[PDB]
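Tertiary structure, described
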Amino acid sequence: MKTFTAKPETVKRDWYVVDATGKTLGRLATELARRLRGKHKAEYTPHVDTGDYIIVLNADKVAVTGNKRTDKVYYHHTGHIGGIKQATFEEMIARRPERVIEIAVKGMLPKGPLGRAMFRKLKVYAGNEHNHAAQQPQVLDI
Amino acid sequence: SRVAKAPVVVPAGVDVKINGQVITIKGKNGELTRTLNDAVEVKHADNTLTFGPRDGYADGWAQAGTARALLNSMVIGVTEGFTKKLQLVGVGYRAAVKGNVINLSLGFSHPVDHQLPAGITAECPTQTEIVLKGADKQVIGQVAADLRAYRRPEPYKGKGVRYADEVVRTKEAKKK
Amino acid sequence: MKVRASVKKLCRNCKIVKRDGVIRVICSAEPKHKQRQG
Amino acid sequence: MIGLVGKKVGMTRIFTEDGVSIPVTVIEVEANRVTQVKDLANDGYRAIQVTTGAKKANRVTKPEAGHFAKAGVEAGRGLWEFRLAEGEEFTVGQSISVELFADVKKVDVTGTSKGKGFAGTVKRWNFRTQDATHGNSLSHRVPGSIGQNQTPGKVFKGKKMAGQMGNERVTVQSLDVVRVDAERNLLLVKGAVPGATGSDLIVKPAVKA
RNA sequence: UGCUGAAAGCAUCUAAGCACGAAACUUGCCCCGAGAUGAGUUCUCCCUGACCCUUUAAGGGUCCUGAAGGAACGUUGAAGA
RNA sequence: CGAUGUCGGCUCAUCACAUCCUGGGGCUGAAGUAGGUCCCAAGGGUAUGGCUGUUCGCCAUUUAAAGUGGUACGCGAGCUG
RNA sequence: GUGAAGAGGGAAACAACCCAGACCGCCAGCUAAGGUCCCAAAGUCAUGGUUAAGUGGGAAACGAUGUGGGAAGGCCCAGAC
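Residues numbered from 1 in each chain as written, not as in the entry; some residues may be left out. Chains lettered and ligands numbered in written order. Part of a larger assembly, values for the part shown. Heavy atoms only, no water.

Concerning the protein's contact with RNA strand E
As a matter of local geometry, RNA strand E sits amid 52 residues, with A:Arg116, B:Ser1, B:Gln142, D:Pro63 and D:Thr171 nearest to it. Taking all atoms of RNA strand E within 4 Å of the protein, the share assigned to sugar and phosphate is 78%. Between RNA strand E and D:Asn42, the relevant distance is 3.2 Å, taken from a sugar or linking oxygen to a side-chain nitrogen or oxygen of the residue. The separation between a sugar or linking oxygen of RNA strand E and a polar main-chain atom of D:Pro63 is 2.8 Å. Elements supplying a minimum of two residues to the surface near RNA strand E: helix 4 (113–119) of chain A, helix 1 (62–79) and helix 2 (139–147) of chain B, strand 1 (17–19) of chain C together with helix 1 (62–71), strand 5 (106–112) and strand 6 (169–181) of chain D. With 8 residues, the single largest contributor to the surface near RNA strand E is helix 1 of chain B. Taken together, the residues of the surface near RNA strand E break down into 11 nonpolar, 19 polar and 22 charged. (Near = heavy atom within 4 Å. Polar contact = N/O pair within 3.5 Å; in protein donor to acceptor, adjacent residues only side chain to side chain. Helix = DSSP H or I, 4+ residues; strand = E, 2+ residues; numbered from the N terminus. Nonpolar A, V, L, I, M, F, W, Y, C, P; charged D, E, K, R; others polar.)

And the structure:
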């Protein structure tokens, strides 16, 4: 016998939700990425879709360790002459708190579009509610 | 870390009410303060106080050594508060209070025209004396530090906003 | 002012103070001796 | 701030007793009809939908005619939804015209730029030509200041090329109001307006302090 | 530029706790911009159909009836190689 | 070694900061007007002619700067000789 | 001594340095160096100390009560900072 080779007809989708209250960004984002890739359901294939759909309940409830609100510079550039554009958690969290985890998982997912195939299953919200009550997302613990 | 041992002492004019983290203190300075013992625990003996460390919070007597000073500053704040020391020098220079807006004339294009924070009053018993009124030892020192910063004291003229202090920053002239 | 690169403790009215990660000179008898860094 | 849509006609002079002739750009107003009045129902916002003047409408489509039926009985020009600012702008009472300019004296004017064809660099972008002197031939007006050496590798907008320019939105803020008459429906300003006669000239009072 | 203040009785802008501020900068203005594949919104307009065969859960044929609209084809231009 | 054509000029900018002009703070043997002069920062801004191939060096006259530098010590499928 | 005329795993890179020698197939297992956060597989490893610098993962004089552990010396319970 051969080991399990996945057919594209195997694909399945279910909805989940997790509370962010007092949780440190990297210890939430790593746990989120592991569930986003579908490691509780399907594995041993990048040739077929394995992930499940997951909501971060309220991004404004997230924290960072010690003084790390001032840590990192988030450098990026493409053109319009020189000058590197920089950011800080202190300037994101009061503008759009959803942004701080939207950027965090991008090094935790594999390669180029192979990680984007899982990023399509991610949802983030702020304001203690979401728009997906008709999908009935089940609660995660802790 | 020695100062957490201290008795602090309180006057008869304070009743010192406590429930969990919440301490309720009032007196004849028109204030009713509710202050927190959240990271440290305090015990009262009607005239004296003792501080110590809490479960799940910082060990030793260091963060307790700060909490005594803030509670003493509020027992003072609700009873009589803190005395004047800010002064102005220069003829035609003037301090004035327009409700929650303050004015300071320094021979310039506009008289500051700035609006006060929450929980503070200003008073001018003469046009070169500035008094700040309230119960929080911090706001009455912070607003004086934001006010002294307008144009800053001049070296030879001596003119501007100054403190009562035996040190002199006014400079004397030299022969050429 | 100046910074130069090193500080001396030349008088008794000078004590030298480290504030918010930086060391500085202040002298209440003589402002001529204000200095940053050390 | 609502735009009054004035159209381009020309310039005149108007004089004063000191012999100064005072050249001024002419705009003659016809103002809005007002054709929807949006309030709260879509994305919480307020917007007027202005519609300017009248048009012959001799071949209009049913997607346009079914909207003209709810706008009124006479068909106007353009649309311009014009979103209103909270506590700053109103739709209530009589519809407004040139009272917009009764004390504000700077204005802005949007229009459509003229077509430059090739456009180039030595006229449009203030570049120097090469001289036909000292036995020099074959490259006098041809662009070529695009690199070094191999170092650049990628191009930024400080480098300029040929290709179609014009026929897009252009706005000017140089204009100063010299005379207004609400009974003659006239606006006179100092300085010139972009593009061709007719056109649109959206025209609104300045919001810079 | 800093306030209240500990570790280090004092002293301190920092440790707990919280302020001011540059010709710089985000919003604001002016222009671009939903391939923003995360492709958003809203209004105005229109159409109310059947049959045969087969190695077909799919293809190949025929007929009724084509809206709202768009373009070609023209007369050319404020647009243009 | 089966060839990254020679110096300066014109065209053309663009990056750095041990900041030249602009800003922010300061000591002065800075009473005031000027002057001397050190930290902090890359938003905006920094001369033409004579002889001379010479940029340059010298000079004439001008600056808020004519700043100190990098760019195959920035110039040819770009030009002049 | 290896390489020059010796592939393979490792040092993500790197004839040679480290480890180890190449018949061919394994629906095998055990070991080498190296690795065990995460792209990227195997400790979110355990015990104790160190540590605000993102040093670790580029850098000296010197300076601060930086700071863990220690002994000798002065100031000292009749009494010291």
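So, next bit.
Observations regarding the protein's contact with RNA strand F
Around RNA strand F there are 25 residues in total, and B:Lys171, C:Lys34, C:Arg36, D:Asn136 and D:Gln148 lie nearest to it. Considering the 4 Å shell around the protein, atoms of RNA strand F inside it are sugar or phosphate in 76% of instances. At 2.8 Å from a phosphate oxygen of RNA strand F is found a side-chain nitrogen or oxygen belonging to B:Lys171. Side-chain polar atom of C:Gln37 to a phosphate oxygen of RNA strand F: 2.9 Å apart, as the coordinates give it.

Description of the nonpolar core
With 22 residues, the main nonpolar core has A:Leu32 and A:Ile101 as its most contacted residues. Elements supplying a minimum of two residues to this core: helix 1 (25–36), strand 2 (53–56), helix 2 (89–92), helix 3 (99–102) and strand 3 (122–124) of chain A. No other element matches the 6 residues that helix 1 of chain A contributes to this core. Those residues in contact with A:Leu32 that lie beyond four places of it in its chain are A:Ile54, A:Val56, A:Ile101, A:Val105 and A:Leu122. Judged by nonpolar contacts, the second largest core, of 19 residues, contains B:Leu86, B:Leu106, B:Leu132 and B:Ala144. (Core = buried A, V, L, I, M, F, W, Y, C linked by side-chain atoms within 4.5 Å. Buried < 20%, exposed > 50% of the residue type's maximum accessible area, 1.4 Å probe, protein only. Contact = heavy atoms within 4.5 Å.)

What to know about the pairing of strand 6 of chain D
Regular strands show a simple pattern: their side chains alternate between the two faces of the sheet. Residue and element names in this part refer to chain D. The pairing of strand 5 with strand 6 spans 6 bridges and is antiparallel. By the bridge assignment for strand 6, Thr-112 is matched with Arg-169. The pairing of strand 6 with strand 7 (residues 186–190) spans 5 bridges and is antiparallel. Within strand 7, the position partnered with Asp-181 by the bridge is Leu-186. Between strand 6 and strand 7, which pair antiparallel in sequence order, lie 4 residues; one of them, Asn-185, sits at a positive phi of approximately 50 degrees. (Pairing = 2+ DSSP bridges.)

Any link to function would need more than the numbers given here.
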